[PDB]
Every structure is written in C-alpha cells, then in structure tokens.
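# A look at the structure
Here is how the chains run, residue by residue.
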Amino acid sequence: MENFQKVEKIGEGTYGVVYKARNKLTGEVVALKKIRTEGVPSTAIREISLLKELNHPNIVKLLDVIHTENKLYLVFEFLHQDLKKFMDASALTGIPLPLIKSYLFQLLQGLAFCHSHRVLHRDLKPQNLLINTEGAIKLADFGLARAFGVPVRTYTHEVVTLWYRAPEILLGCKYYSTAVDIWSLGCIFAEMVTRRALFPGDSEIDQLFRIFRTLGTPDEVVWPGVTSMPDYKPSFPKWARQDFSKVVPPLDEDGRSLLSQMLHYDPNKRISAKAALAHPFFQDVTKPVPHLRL
Ligand SMILES: NC(=O)c1cc([N+](=O)[O-])c(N2CCOCC2)cc1NCc1cnc(N)nc1
C-alpha cells in the first residue's frame, strides 16, 4: 500500500500475494496479505474482523483488516520461517524428537484455544505453521476458510494441497467439526517424525484411497454413518488396516498411541485438542530452540 514499504515478497498465498512490509509510521515489520471478485462480501469482512479478537501466543496475530479502495488486505504479525521450509532444511537429520514434541504441544494449545471459541482452521498444513528463533510455533490463517472458502487452485493457479484433508471432508460432509483440524495436525505430526508426507494424494480420490490403504477402508463398525456419506460409494475397494509400528517408525508407543487417536475415522471419536494435551506423550515435554539460519 502507501503506509507500508514492501520489503520483499514472502510468497504466493492461497488467496493472494503475501509481502513482508514495514509500517512506515510505527516501524513495525509485518506480513501483508492481498486477498482476491466484485466488491468483497460484507459478510466476510464482519467475520474476519471478528478474528482480531482471537489472540493467543500460538496464533499468528491479525493486526488489521483493510477494505478501502475495494480491495482486501490483512495485516499479520511476521515470523521468519514456516514449518514446510524448516522440515525441508531438516530432512537430512530430521527434527529432534524433543522439538517435534514441543511444536505439537504448542500447536495443540493453539487449537484448544481457537476451538474453545468455536473457530476452526479447516486447512492446516506445514506452510501455515510459522516459527521463530525462540522455539515458538504459531498457527496462521485460522478462520479464513470459513470467510473465503478453500479453492481448488490459488490465485496463481497452483493446486491447493489435499494431503492434510480429513476424510469426512473428502466424503462430502457439509458440516465440519473441530475434528478436521486434529486430523490435519496428526498428518503433520507423522510427517515431522518420518520426514515424508503421510498421505500425499494428487486428486481427491487418490487422497481418500491413500488414507484407506493405510488405515483400512472404513465401515459402519469403525465409523457409524459412513456408508451414508454424500460421496461414499459401495464400490470403494476394501483395504485392510496397517499396523502403526509400520506407519511412523520409529516413534515410541506414547507417540503412536496419540497419533492413532488423532487419526480415528469417526470425527466424534477423534481426540480433542484439550484431551490430547493431557496425553502421556507430553509427560516429558520441553521447549528446545531450533537451529534457525536466517
Ligand atoms: N505471517 C507471516 O510472517 C507469514 C505469512 C505467510 N503467509 O501469509 O502465507 C507465509 N507464507 C508461507 C509459505 O507460503 C508463502 C507465504 C509466511 C510467513 N512467514 C514465514 C516466512 C517468512 N519469510 C519467508 N521467506 N518464508 C516464510
């Protein structure tokens, strides 16, 4: 804009370009997101504005919402790195378990907070989990999906990833629950441990079938109501469930136990963020600092 000197393009967001910028008047450095098209839904602005009050140490702070000139800009707290990039950079040796645990623990605290205020993310992924040199990790873009919806392609035509999508969404459920975020976080947890995406689908059916091939094709015993879902087909192949010891080796039993609860098929059975914070996996949790080269 005019009150902000663009320092650099941080990246291409799912809704528009994102710039690192300096507030010319207060000198603060922030992240500036330009969102998408003929006027901007007034319903969206009321909803987004509401998010300015959703403040927590593990949630990227929304500093301002600007509509003027009939364009939509969101100003956010700035963090130097995202988890996707950090994982790529840690691929050779992997992120130390104490750091994975600390990150998961903080992420769950952030989810527990938003969920307690009835705000869902809906599109969690490594790219929107931001980290700093102090060992903190924060969730970015909470609540935006509800306001703008999640597109197939971003403004740049890039394909939005389906890797972290909960199965109830893939099966066509119209109503999402907080459980969809726990699923996504479980997939990210598995990816930090193994250094390979858990379910890297490249289409909705491929994503769904990758889940089925690992966790078993769901049925009425494990997921009451599943055969009645909108996109469920009796013709889906029936795959047997695999053992977790084979899915996220060499994670220990506390870790495997927690992950299994975060990946339950039935959204109602899936562990809540609050209950996950009490899981024995976090008994020895600590707050290490990452080796961050900026
Ligand atoms: N709020 C923020 O500070 C922030 C926002 C977004 N965003 O609004 O999307 C973002 N993206 C994540 C990857 O997709 C591109 C944009 C990254 C951010 N920060 C970490 C970071 C800073 N610089 C560089 N080069 N890479 C990462």
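## Quick notes on the packing of aromatic side chains
Each aromatic ring pair is summarised here by two numbers: the centre-to-centre distance and the angle between the ring planes. Enumeration according to the criterion identifies 14 aromatic pairs in this entry. Taking the centre distance of 6.4 Å and the plane angle of 70° together, the rings of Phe212 and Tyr265 count as edge-to-face. Pair noted here: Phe212 is in helix α7 (residues 204-215) and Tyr265 is in the loop between α9 (253-262) and α10 (273-276), with a separation of 53 residues, a long-range link. Judged by relative accessible area, which is 0%, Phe212 ranks as buried. Chaining the aromatic ring pairs together yields one cluster made of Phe209, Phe212, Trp223, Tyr232, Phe236, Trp239 and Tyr265. Over the ring of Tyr73 we find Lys71, and its NZ or CZ is 4.8 Å from the ring centre. Across the ring face of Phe281, the terminal group of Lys101 is positioned such that the distance to the ring centre comes to 4.3 Å.

## Quick look at the sheet that holds strand β2 (residues 17-23)
Strand order in the open sheet made by the 5 strands is β1-β2-β3-β5-β4, with antiparallel pairing throughout. The open sheet terminates on both sides in strands that have one partner only, identified here as β1 (4-12) and β4 (62-66). Going across the sheet, the axis of each strand differs from the next one's by a mean of 25°, ignoring polarity. In this structure, β4 lies alongside strand β5 (residues 72-77), joined through 4 bridges in antiparallel fashion. Within β5, the position partnered with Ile66 by the bridge is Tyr73.

## Topic: the pairing of β1
Looking at chain direction, β1 and β2 are connected through 7 bridges and run antiparallel. The partner of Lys9 across the bridge, within β2, is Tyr19. The antiparallel hairpin formed by β1 and β2 contains 4 residues in its connecting segment.

## Looking at the environment of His67
Inspection of the secondary structure puts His67 in the loop between β4 and β5. Spatially, the C-alpha atoms of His67 and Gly94 are 42 Å apart, while their sequence positions differ by 27 residues. Sequence-distant contacts of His67, that is, excluding residues within four places in its chain, are made with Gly39, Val40, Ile45 and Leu72.

## A closer look at the UniProt feature "binding site: Mg(2+)" in the protein chain
UniProt records the feature "binding site: Mg(2+)" at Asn128 and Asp141, using the numbering of this structure. Along the polypeptide, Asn128 turns up in the loop between α3 (97-116) and β7 (129-131). A relative accessible area of 6% places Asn128 in the buried class. Sequence-distant contacts of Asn128, that is, excluding residues within four places in its chain, are made with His121, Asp123, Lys138, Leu139, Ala140 and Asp141. At 3.0 Å, the side chain of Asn128 forms a polar contact with the backbone oxygen of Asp123. Among the secondary structure elements, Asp141 is positioned in the loop between β8 (137-139) and α4 (144-148). When near neighbours in sequence (up to four residues on either side) are disregarded, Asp141 contacts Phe76, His121 and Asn128.

## Re the packing of helix α6 (residues 179-194) against α9
Geometry of a packed helix pair, given as the angle between the helix axes and the separation of the axes. Their axes nearest at 8 Å, the elements α6 and α9 cross at an angle of 145°. Helix-helix and strand crossings are classified by hand; for α6 and α9 the assignment is left-handed. For the pair α6 and α9, contact is made by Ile182, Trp183, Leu185, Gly186, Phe189 and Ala190 and by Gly255, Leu258, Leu259 and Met262, respectively. Split into classes, the residues belonging to the contact of α6 with α9 amount to 8 nonpolar, 2 polar and no charged.

## Concerning the side chain of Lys138
Along the polypeptide, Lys138 turns up in strand β8. One polar contact links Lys138 to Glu77, side chain to side chain, over a distance of 2.5 Å.

## Topic: the sheet that holds β7
Across the sheet, which stays open at both edges, the 3 strands sit in the order β6-β7-β8 with antiparallel pairing between neighbours. Since the sheet does not close on itself, it has two edges, and those belong to β6 (81-82) and β8, each with one partner. In terms of strand pairing, β7 meets β8 through 3 bridges, oriented antiparallel. When the sheet's bridge partners are listed, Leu129 is paired in β8 with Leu139.

## What about the state of the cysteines?
Disulfides are covalent bonds that link the sulfur atoms of two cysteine residues. Across all of its chains, the model carries 0 disulfides by this definition. Here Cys114 is not disulfide-linked; the sulfur of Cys187 is the nearest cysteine sulfur, at 19 Å. Overall, the relative accessible area of 0% leaves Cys114 in the buried class. Residue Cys173 stays outside any disulfide, its sulfur separated by 16 Å from that of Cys187, the closest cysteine.

So, how was this worked out
Residues numbered from 1 in each chain as written, not as in the entry; some residues may be left out. Heavy atoms only, no water. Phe/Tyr/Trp six-rings, centres within 6.5 Å; stacked < 30°, edge-to-face > 60°. Helix = DSSP H or I, 4+ residues; strand = E, 2+ residues; numbered from the N terminus. Buried < 20%, exposed > 50% of the residue type's maximum accessible area, 1.4 Å probe, protein only. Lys NZ or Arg CZ within 6 Å of the ring centre and 35° of its normal. Pairing = 2+ DSSP bridges. Axes fitted to C-alpha atoms, helices over the stretch in contact; angles between N-to-C directions. Contact = heavy atoms within 4.5 Å. UniProt positions renumbered as here; feature names shortened; annotations may be inferred. Polar contact = N/O pair within 3.5 Å; in protein donor to acceptor, adjacent residues only side chain to side chain. Left-handed = near helix turned anticlockwise from the far one by under 90°. Nonpolar A, V, L, I, M, F, W, Y, C, P; charged D, E, K, R; others polar. Disulfide = S-S within 2.5 Å.

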